[PDB]
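Asker: Taken in sequence, the protein lines are chains A and B.
Residue numbers for the first sequence follow the working numbering, beginning at 1 and rising by one.
Residue numbers for the second sequence follow the working numbering, beginning at 1 and rising by one.
Have a look at the structure that comes next, please.
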Amino acid sequence: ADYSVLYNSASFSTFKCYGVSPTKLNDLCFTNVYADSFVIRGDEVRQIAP
Amino acid sequence: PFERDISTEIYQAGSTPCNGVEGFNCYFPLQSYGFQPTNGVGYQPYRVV
């Protein structure tokens, strides 16, 4: 899997991510990676916070 | 070693630079000790020489 495309051309502002950074992931070796998508309230798209 | 520094500037937590906003993830380097009566014996001040 080539994960360089995530940061090859991106403009993600306000990138406040906690934990392991998805970029520079080839160094770490794992087995399964999952992507989750969901539908929530329309007015709470910017209202979701940790 | 054996050097005393008094520099106090905005600390860089990570990306999205503060730019002098002093907001989230942007705190002063100097912090005061927590000295409250509701603390254990290990939190009391000690005369360390």
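Just so you know, even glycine gets a beta-carbon here, dropped at the ideal spot from N, CA and C.
Can you tell which of B/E3, B/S7, B/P1 has the C-alpha that lies nearest to the C-alpha of B/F28?
Answerer: Out of B/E3, B/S7, B/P1, B/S7 has the C-alpha closest to the C-alpha of B/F28.
Asker: Quick check: what's the CA-CA separation for A/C17 versus B/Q44?
Answerer: Distance between the alpha carbons of A/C17 and B/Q44 is about 37 Å.
Asker: So with CB distances below 7 Å, who are the chain B contacts of A/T14?
Answerer: Result: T16.
Asker: By DSSP, does A/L6 sit in helix, in strand, or in coil?
Answerer: Helix at A/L6.
Asker: Taking 8 Å as the cut-off, decide whether the C-beta atoms of A/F15 and B/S32 are in contact.
Answerer: Not in contact: A/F15 and B/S32 (Cβ atoms no closer than 8 Å).
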